[PDB]
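Let's start with one chain on its own, the form deposited in one PDB entry, as structure tokens.
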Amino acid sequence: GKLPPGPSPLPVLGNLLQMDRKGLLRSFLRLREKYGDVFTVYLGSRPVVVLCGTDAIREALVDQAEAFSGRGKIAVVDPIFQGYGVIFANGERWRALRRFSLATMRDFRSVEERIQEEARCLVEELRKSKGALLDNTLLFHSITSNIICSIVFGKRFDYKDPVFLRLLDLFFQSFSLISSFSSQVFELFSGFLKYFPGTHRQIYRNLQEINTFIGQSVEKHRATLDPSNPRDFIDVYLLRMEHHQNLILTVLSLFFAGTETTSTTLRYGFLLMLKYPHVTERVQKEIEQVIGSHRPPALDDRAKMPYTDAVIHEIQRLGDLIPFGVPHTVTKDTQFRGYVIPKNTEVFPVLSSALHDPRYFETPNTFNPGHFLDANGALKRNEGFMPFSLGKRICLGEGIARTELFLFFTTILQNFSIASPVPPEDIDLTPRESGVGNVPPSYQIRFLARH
């Protein structure tokens, strides 16, 4: 039982100076070459244990799922200040949400239908653009947001509805925090980071208006409600409950954060498909063969479209939008691969390192739907595929998201083809911002009706 090996940390800086000018991801890869799949790295004076590769990450998040399932200190209540009670009530709330979330996919109106409706409204908008050159960011935030809106408030919004615009602004609107390296070293010496959520005034711009809107919908909802026949999330909340309107803000927030990842995946997907017209075609042909140019694509179609499915896996794999996964905390002294990780140690499951694992993918860095296709061109599981993560806290939205990706993706290409000022050979898929995320470069595209 030794602790995981790693580079020796400096006082105050930890291993900060052992990062490449080439990025955090490369640095992690370099460390991994040196020390192996489980190594320890120091941020400030704090140890974090870093998991790399499909096998290590799956042994941790799946085989010792419970041990590797803790949250960060920011999310741990102090019973000396708040009592137990909020602790247990949060537990129950979480489980209620974890449960209801599953229910939407099983039911039952249905999520597939709401997404189909939304895809229709989308195709219509794309015609209105009459093949002009656009940035799809806003459009893709809109179509994925509405799926949440329909599920929570019961009904989708209109793309130009000023509440829906205000809520797109609250949740998706960037703001930035300015730092310098001298300040960062002083933060490390302090023990405290300068930035924390809500330090930017912008956040509050739209908050109260959104809050108020929620109040109204809870009321309009309460007026008409009948268990055990709950319509949307709002009136499920009312039953469970039977101040707190803020529980809804919180849940909506969580769902929008996943939705942002969903929207960015589509936006990245369409960048890839500009770069690879031949793939756009085989997808157009598989839609022809399976759906025709008549009906809208449906979820049952996916099973009969292994090439479109492989293509979407591959879009999520290279898009790698959450490259360090979400850090967790170990809940107890844990034996792992011949080392010991002490209770409460912070862990990074580096998902990027699975999604690019050379033991699981033939060309880890090259678009290759063949990663998900067998000899007979059927869909095959690949164990390195884990963009929603794994185990006890696997993405709550996996199903909603995978479903949005399929319907929006085929429905768009069934009705349109794409083009841009940039020649395939010259599309650059490398992330503009590569810190803790992999945000796709912004680009222009034109949606031309196949009709």
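A residue's number is simply how far along the shown sequence it sits, counting from 1. The term rigid core refers to the most C-alpha atoms you can superpose between the two forms while keeping them within 1.5 Å.
Heads up, the form deposited in another entry isn't pictured, but that's what we're talking about next.
* Which one of 358, 215, 277, 370, by Cα shift of 2 Å or more between the shown form and the other one, core superposed -> Looking at each option in turn, only one qualifies, and it is 215.
* Asked: Superposing on the rigid core, does the Cα of residue 296 end up 2 Å or more away between the shown form and the other one?
  -> Shift of 2 Å or more: no.
* Using a superposition on the rigid core, decide whether the Cα position of residue 232 changes by 2 angstroms or more between the shown form and the other one. => It does, since the residue 232 C-alpha is displaced 2 Å or more between the shown form and the other one after the core fit.
* Asked: Would the C-alpha of residue 307 be classed as shifted by 2 Å or more between the shown form and the other one after rigid-core alignment?
  -> After core superposition, the C-alpha of residue 307 moves less than 2 Å between the shown form and the other one.
* Quick one: residue 91 and residue 400 C-alpha atoms, closer or farther in the other form compared with this form (3 angstroms or more)? -> Residue 91 and residue 400 sit farther apart in the other form.
* To do: Have a look at residue 19 and residue 264: in the other form, are their Cα atoms closer together or farther apart than in this form, given the change is 3 Å or more?
  => Relative to this form, closer in the other form.
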